[PDB]
Amino acid sequence: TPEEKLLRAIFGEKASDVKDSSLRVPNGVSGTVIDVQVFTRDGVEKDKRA
Amino acid sequence: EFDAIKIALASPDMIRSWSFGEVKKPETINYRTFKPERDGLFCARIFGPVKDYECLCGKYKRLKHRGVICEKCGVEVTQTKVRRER
Amino acid sequence: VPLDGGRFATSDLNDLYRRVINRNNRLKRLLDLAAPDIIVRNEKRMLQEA
Amino acid sequence: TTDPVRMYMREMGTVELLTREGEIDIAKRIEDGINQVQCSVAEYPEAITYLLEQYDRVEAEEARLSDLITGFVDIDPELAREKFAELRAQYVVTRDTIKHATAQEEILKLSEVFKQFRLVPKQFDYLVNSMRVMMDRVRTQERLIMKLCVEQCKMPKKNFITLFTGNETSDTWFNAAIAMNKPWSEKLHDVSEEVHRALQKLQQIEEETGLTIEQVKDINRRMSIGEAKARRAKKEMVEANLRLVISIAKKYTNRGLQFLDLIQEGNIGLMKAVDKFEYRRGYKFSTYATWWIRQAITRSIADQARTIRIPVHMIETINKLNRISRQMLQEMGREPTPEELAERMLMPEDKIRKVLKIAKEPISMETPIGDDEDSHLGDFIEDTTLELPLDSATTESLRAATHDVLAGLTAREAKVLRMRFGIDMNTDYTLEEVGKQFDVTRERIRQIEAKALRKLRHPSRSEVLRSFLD
Ligand SMILES: CCC[C@@H](C)[C@H]1CC[C@H]2[C@@H]3[C@H](O)C[C@@H]4C[C@H](O)CC[C@]4(C)[C@H]3C[C@H](O)[C@]12C
Ligand SMILES: CCC[C@@H](C)[C@H]1CC[C@H]2[C@@H]3[C@H](O)C[C@@H]4C[C@H](O)CC[C@]4(C)[C@H]3C[C@H](O)[C@]12C
Ligand SMILES: [Zn+2]
């Protein structure tokens, strides 16, 4: 918008280009993690945790 | 804003007055790009743009062009909420 | 509307509308072939049903 | 009954199936009719000239030699060129010899030699349409003349038959008739100008044709007889093949397209075969029809079946993939995987992924998911284009803060910054235009803008603004 431009120009903050779509605990719930399991497709890298 | 509601039969001329264009083809959207087709049920030239203030091609993309009809597409650059009343 | 997983959800009206257009188009086509009246009458009955 | 299919069955079942001899005689009637129309059109010297023009234009390499003409009634370009040269020679010798009794035989010979040639269906249709348009214009002129001279003047039809018929070309039958001492003749004076102009156009057209208009009417009537005969023969052929088409349609019943839609698409395919069938090859009709009927039904399924239309080639790819997957499931055991399917097929295996990813039919928004209070799938789908009210409140707060900060600064720099961006103004400008209104040479505007940015950079001058920043 014509104003976020001014703020960016003043502080020289840059853009992201990626969102923050991550899994987070639903509000009001407090437990401990007892298990994590990862299912990767047959053509994916299988990072260190997997 | 008003004080009564009147109901009646609609003439062919009135039905043509409401409309913004004729739907000719039975198509809806593209199977690869997911964009509306030229005269389908979902069509930008008839029912308005699919994003706030920007033509379908992408040539015009700001409210400094509000209200202009694109030369290459025909899609008016307006609010997409207009696609809910045309 | 698009749902998660590359799958769409649609209203029934779209379906119904499509029917009309299809049959309507066919009628306009059939009258250009001067087809025998039995076929055109069948198409008009189908359009009325649609 | 209420089923359209029931009524179609009733109205269809009344006609009996043709036998071999029946089909043969219908075909020969069709051939005779088309031959009649062809001969009728052959008597028009105005189409040979257009054909010559097209041949010359193609000789200028505007198109292909073969495409212009579908061969002759006889295979090599040399023979076609020789025949064209002969046609041109005959045409010129006939045209340059109008001077009347002898020109008729020359025109007859030209028509006879021309008849040896064959024309493409599209170009023949165009020629027929042009001739019909000319005839329609002439008839419209005649009908306008009749309306002007009859309804306005109550001119008896007997006088028109006696006068108009016989010459049809000169204006005597009207101008001389004006002096017949009759009320219609005296009334014609007011409408004499319109009649005169119509007769001028009639004379021009008749000169263009160069033949008696009575011959034109006879030719049109004979062509109409041929067309009616051809259409009636086609109509007779159609019905037995309708009973044929219903079975092919049965074989495709449940594919997302209604039964009656399939039947109607099959009916267009039978009509397409009929017009393109031949008894010479001596192949029973059903064999020739079935292929076109099936092709039409399959293309109809490829086009109409899906809401998000998928091209025909992609539909063929999907069907082939399904067939190979079925074979591999039956044979190999558990189920083919995309890698195995790609191996059995021949594709980069990334195309196979896309083909498998092509979305199936959309889920109806009324599907009864709810199972409680009769809730449906459409009640659970949110609107993601809306702006949260906190976002709008923040936008207004930022607008107020920016207004305040700019008000803090002086006037010239305030407006320089404001116009540099779109702040409070719909339009946007750059250094060049900004220099125009402040009488500046594009330098001291960039320096002013930098100075304003520096000043706003100062702490304790802009802190709420820094707060708005994430
Ligand atoms: C079965 C009882 C009613 C209801 C719970 C069933 C009936 C059909 C089910 C949907 C479709 O099957 C498949 C859709 C796409 C994905 O495959 C998973 C999601 C998807 C919307 C499903 C959600 C739900 O599960 C539905 C609505
Ligand atoms: C009775 C409660 C059923 C509920 C547990 C499950 C079963 C199927 C789920 C819906 C489907 O996935 C289809 C959609 C997917 C999109 O992401 C938008 C949400 C969407 C409507 C889902 C919301 C919810 O998660 C549903 C209703
Ligand atoms: Zn455009």
# chains A, B, ... in the order shown; residues from 1 in each chain; ligands from 1
>>> residues_near_ligand(ligand="ligand 2", cutoff="7 Å", atoms="only C-alpha atoms and all ligand atoms", output="PDB file with N, CA and C atoms, in the first residue's frame")
ATOM      1  N   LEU C   3     -10.102 -27.245  -2.844  1.00  0.00           N
ATOM      2  CA  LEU C   3      -9.844 -27.791  -1.524  1.00  0.00           C
ATOM      3  C   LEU C   3      -8.387 -28.236  -1.416  1.00  0.00           C
ATOM      4  N   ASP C   4      -8.004 -28.698  -0.230  1.00  0.00           N
ATOM      5  CA  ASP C   4      -6.650 -29.182  -0.026  1.00  0.00           C
ATOM      6  C   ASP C   4      -6.443 -30.511  -0.749  1.00  0.00           C
TER       7      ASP C   4
ATOM      8  N   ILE D 369     -22.143 -34.409   4.645  1.00  0.00           N
ATOM      9  CA  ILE D 369     -21.106 -34.692   5.633  1.00  0.00           C
ATOM     10  C   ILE D 369     -21.671 -34.597   7.043  1.00  0.00           C
ATOM     11  N   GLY D 370     -22.464 -33.560   7.301  1.00  0.00           N
ATOM     12  CA  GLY D 370     -22.870 -33.190   8.644  1.00  0.00           C
ATOM     13  C   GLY D 370     -23.287 -34.323   9.558  1.00  0.00           C
ATOM     14  N   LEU D 377     -21.283 -30.228   3.164  1.00  0.00           N
ATOM     15  CA  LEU D 377     -19.892 -29.839   2.982  1.00  0.00           C
ATOM     16  C   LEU D 377     -19.717 -28.344   2.784  1.00  0.00           C
ATOM     17  N   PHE D 380     -18.729 -25.715   5.684  1.00  0.00           N
ATOM     18  CA  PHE D 380     -17.441 -25.833   6.351  1.00  0.00           C
ATOM     19  C   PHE D 380     -16.315 -25.145   5.595  1.00  0.00           C
ATOM     20  N   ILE D 381     -16.611 -24.478   4.487  1.00  0.00           N
ATOM     21  CA  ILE D 381     -15.596 -23.890   3.619  1.00  0.00           C
ATOM     22  C   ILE D 381     -15.587 -22.391   3.862  1.00  0.00           C
TER      23      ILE D 381
END
>>> residues_near_ligand(ligand="ligand 1", cutoff="12 Å", atoms="only C-alpha atoms and all ligand atoms", output="count of residues only")
32
>>> residues_near_ligand(ligand="ligand 3", cutoff="9 Å", atoms="only C-alpha atoms and all ligand atoms", output="list in words")
residues 54, 55, 56, 57, 58, 59, 60, 69, 70, 71, 72, 73, 74, 75, 76 and 77 of chain B
>>> residues_around(residues="residue 189 of chain D", least_positions_apart="5", cutoff="10 Å", atoms="only C-alpha atoms", output="MDAnalysis selection string")
chainID D and resid 153 175 178 184 194:195
>>> closest_atom_pairs(of="chain D", to="chain B", cutoff="8 Å", atoms="only C-alpha atoms", output="CSV")
residue,atom,partner,partner_atom,distance
D:307,CA,B:28,CA,6.8
D:308,CA,B:31,CA,6.0
D:309,CA,B:27,CA,6.6
D:310,CA,B:31,CA,6.5
D:358,CA,B:31,CA,7.9
D:426,CA,B:64,CA,6.3
D:427,CA,B:64,CA,5.7
D:428,CA,B:64,CA,7.7
>>> write_last_selection(atoms="N, CA and C atoms", output="compact mmCIF listing (two decimals), in the first residue's frame")
# COMPACT_ATOMS: atom_id res chain seq x y z
N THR D 307 -16.60 -31.35 -15.85
CA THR D 307 -16.85 -29.94 -15.54
C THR D 307 -15.63 -29.08 -15.81
N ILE D 308 -14.44 -29.55 -15.44
CA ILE D 308 -13.19 -28.92 -15.82
C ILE D 308 -12.71 -29.67 -17.05
N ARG D 309 -12.97 -29.10 -18.22
CA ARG D 309 -12.74 -29.82 -19.46
C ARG D 309 -11.26 -30.17 -19.61
N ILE D 310 -11.00 -31.40 -20.04
CA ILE D 310 -9.66 -31.90 -20.27
C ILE D 310 -9.54 -32.19 -21.76
N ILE D 358 -4.04 -35.17 -12.22
CA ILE D 358 -5.19 -34.51 -12.84
C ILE D 358 -6.41 -34.80 -11.97
N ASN D 426 -4.46 9.31 -5.21
CA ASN D 426 -4.63 8.08 -5.98
C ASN D 426 -3.46 7.85 -6.93
N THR D 427 -3.03 8.89 -7.63
CA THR D 427 -1.98 8.75 -8.62
C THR D 427 -0.61 8.73 -7.96
N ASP D 428 0.37 8.18 -8.67
CA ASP D 428 1.75 8.13 -8.22
C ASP D 428 2.65 8.86 -9.22
>>> interface_residues(of="chain A", to="chain D", cutoff="8 Å", atoms="only C-alpha atoms", output="PyMOL selection string")
chain A and resi 2-3+5-7+9-11
>>> write_last_selection(atoms="C-alpha atoms", output="mmCIF file, in the first residue's frame")
data_model
loop_
_atom_site.group_PDB
_atom_site.id
_atom_site.type_symbol
_atom_site.label_atom_id
_atom_site.label_comp_id
_atom_site.auth_asym_id
_atom_site.auth_seq_id
_atom_site.Cartn_x
_atom_site.Cartn_y
_atom_site.Cartn_z
ATOM 1 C CA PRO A 2 1.096 3.639 -0.349
ATOM 2 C CA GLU A 3 2.352 3.915 3.232
ATOM 3 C CA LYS A 5 6.228 1.745 1.142
ATOM 4 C CA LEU A 6 7.171 4.788 3.222
ATOM 5 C CA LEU A 7 7.809 2.660 6.302
ATOM 6 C CA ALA A 9 11.926 3.101 2.764
ATOM 7 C CA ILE A 10 12.496 4.687 6.173
ATOM 8 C CA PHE A 11 13.646 1.472 7.876
#
>>> decode(residues="segment 59-79 of chain B", atoms="N, CA and C atoms", output="PDB file, in the first residue's frame")
ATOM      1  N   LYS B  59      -1.441  -7.090 -17.109  1.00  0.00           N
ATOM      2  CA  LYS B  59      -0.891  -5.827 -17.586  1.00  0.00           C
ATOM      3  C   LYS B  59      -1.173  -4.703 -16.598  1.00  0.00           C
ATOM      4  N   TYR B  60      -2.437  -4.524 -16.230  1.00  0.00           N
ATOM      5  CA  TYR B  60      -2.804  -3.510 -15.255  1.00  0.00           C
ATOM      6  C   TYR B  60      -2.945  -4.148 -13.882  1.00  0.00           C
ATOM      7  N   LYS B  61      -2.282  -3.559 -12.887  1.00  0.00           N
ATOM      8  CA  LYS B  61      -2.214  -4.178 -11.569  1.00  0.00           C
ATOM      9  C   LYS B  61      -2.292  -3.172 -10.426  1.00  0.00           C
ATOM     10  N   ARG B  62      -2.914  -2.018 -10.641  1.00  0.00           N
ATOM     11  CA  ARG B  62      -3.007  -1.047  -9.560  1.00  0.00           C
ATOM     12  C   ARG B  62      -4.251  -0.193  -9.732  1.00  0.00           C
ATOM     13  N   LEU B  63      -4.672   0.411  -8.630  1.00  0.00           N
ATOM     14  CA  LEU B  63      -5.843   1.276  -8.615  1.00  0.00           C
ATOM     15  C   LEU B  63      -5.606   2.591  -9.319  1.00  0.00           C
ATOM     16  N   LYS B  64      -4.410   2.856  -9.844  1.00  0.00           N
ATOM     17  CA  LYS B  64      -4.204   3.987 -10.737  1.00  0.00           C
ATOM     18  C   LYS B  64      -4.855   3.767 -12.092  1.00  0.00           C
ATOM     19  N   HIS B  65      -5.346   2.550 -12.347  1.00  0.00           N
ATOM     20  CA  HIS B  65      -6.071   2.249 -13.573  1.00  0.00           C
ATOM     21  C   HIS B  65      -7.528   1.904 -13.299  1.00  0.00           C
ATOM     22  N   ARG B  66      -8.044   2.189 -12.105  1.00  0.00           N
ATOM     23  CA  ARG B  66      -9.376   1.733 -11.740  1.00  0.00           C
ATOM     24  C   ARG B  66     -10.395   2.138 -12.794  1.00  0.00           C
ATOM     25  N   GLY B  67     -11.221   1.176 -13.200  1.00  0.00           N
ATOM     26  CA  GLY B  67     -12.326   1.432 -14.091  1.00  0.00           C
ATOM     27  C   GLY B  67     -12.034   1.247 -15.562  1.00  0.00           C
ATOM     28  N   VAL B  68     -10.780   1.043 -15.946  1.00  0.00           N
ATOM     29  CA  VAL B  68     -10.434   0.896 -17.352  1.00  0.00           C
ATOM     30  C   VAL B  68     -10.652  -0.552 -17.772  1.00  0.00           C
ATOM     31  N   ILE B  69     -11.096  -0.738 -19.011  1.00  0.00           N
ATOM     32  CA  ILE B  69     -11.261  -2.059 -19.606  1.00  0.00           C
ATOM     33  C   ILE B  69      -9.985  -2.387 -20.362  1.00  0.00           C
ATOM     34  N   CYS B  70      -9.370  -3.516 -20.031  1.00  0.00           N
ATOM     35  CA  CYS B  70      -8.126  -3.886 -20.688  1.00  0.00           C
ATOM     36  C   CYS B  70      -8.353  -4.078 -22.180  1.00  0.00           C
ATOM     37  N   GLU B  71      -7.344  -3.715 -22.969  1.00  0.00           N
ATOM     38  CA  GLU B  71      -7.433  -3.844 -24.417  1.00  0.00           C
ATOM     39  C   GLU B  71      -7.215  -5.276 -24.882  1.00  0.00           C
ATOM     40  N   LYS B  72      -6.422  -6.056 -24.146  1.00  0.00           N
ATOM     41  CA  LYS B  72      -6.074  -7.401 -24.592  1.00  0.00           C
ATOM     42  C   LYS B  72      -7.030  -8.446 -24.028  1.00  0.00           C
ATOM     43  N   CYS B  73      -7.566  -8.208 -22.830  1.00  0.00           N
ATOM     44  CA  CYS B  73      -8.448  -9.157 -22.159  1.00  0.00           C
ATOM     45  C   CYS B  73      -9.913  -8.748 -22.233  1.00  0.00           C
ATOM     46  N   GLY B  74     -10.210  -7.480 -21.979  1.00  0.00           N
ATOM     47  CA  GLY B  74     -11.571  -7.029 -21.788  1.00  0.00           C
ATOM     48  C   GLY B  74     -12.011  -7.042 -20.346  1.00  0.00           C
ATOM     49  N   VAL B  75     -11.171  -7.528 -19.437  1.00  0.00           N
ATOM     50  CA  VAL B  75     -11.505  -7.600 -18.022  1.00  0.00           C
ATOM     51  C   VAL B  75     -11.358  -6.223 -17.394  1.00  0.00           C
ATOM     52  N   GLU B  76     -12.461  -5.684 -16.887  1.00  0.00           N
ATOM     53  CA  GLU B  76     -12.416  -4.423 -16.166  1.00  0.00           C
ATOM     54  C   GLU B  76     -11.610  -4.581 -14.888  1.00  0.00           C
ATOM     55  N   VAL B  77     -10.829  -3.561 -14.555  1.00  0.00           N
ATOM     56  CA  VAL B  77     -10.014  -3.577 -13.346  1.00  0.00           C
ATOM     57  C   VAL B  77     -10.827  -2.923 -12.233  1.00  0.00           C
ATOM     58  N   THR B  78     -11.336  -3.742 -11.319  1.00  0.00           N
ATOM     59  CA  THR B  78     -12.207  -3.290 -10.243  1.00  0.00           C
ATOM     60  C   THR B  78     -11.983  -4.204  -9.049  1.00  0.00           C
ATOM     61  N   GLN B  79     -12.847  -4.073  -8.050  1.00  0.00           N
ATOM     62  CA  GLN B  79     -12.826  -4.994  -6.926  1.00  0.00           C
ATOM     63  C   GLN B  79     -13.373  -6.346  -7.351  1.00  0.00           C
TER      64      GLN B  79
END
